[PDB]
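Just so we're aligned, residue 1137 is where the sequence shown starts under our numbering, counting upward by one. Quick reminder that beta carbons are idealized off the backbone N, C-alpha and C, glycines included.
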Amino acid sequence: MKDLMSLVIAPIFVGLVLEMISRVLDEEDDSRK
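Quick look at the structure:
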């Protein structure tokens, strides 16, 4: 049963992806070595 299984992976998905690109929107420099 996925009563909640399909409710945990579902959101975390769109939330992890949308973030991946959200960083690119302002991912210029990471750190100066």
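Annotation: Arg1168 to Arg1159 spans about 18 Å, alpha carbon to alpha carbon. DSSP, read as helix, strand or coil, puts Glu1155 in helix. Annotated three-state conformation of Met1137 is coil, per DSSP. DSSP, read as helix, strand or coil, puts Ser1142 in helix.
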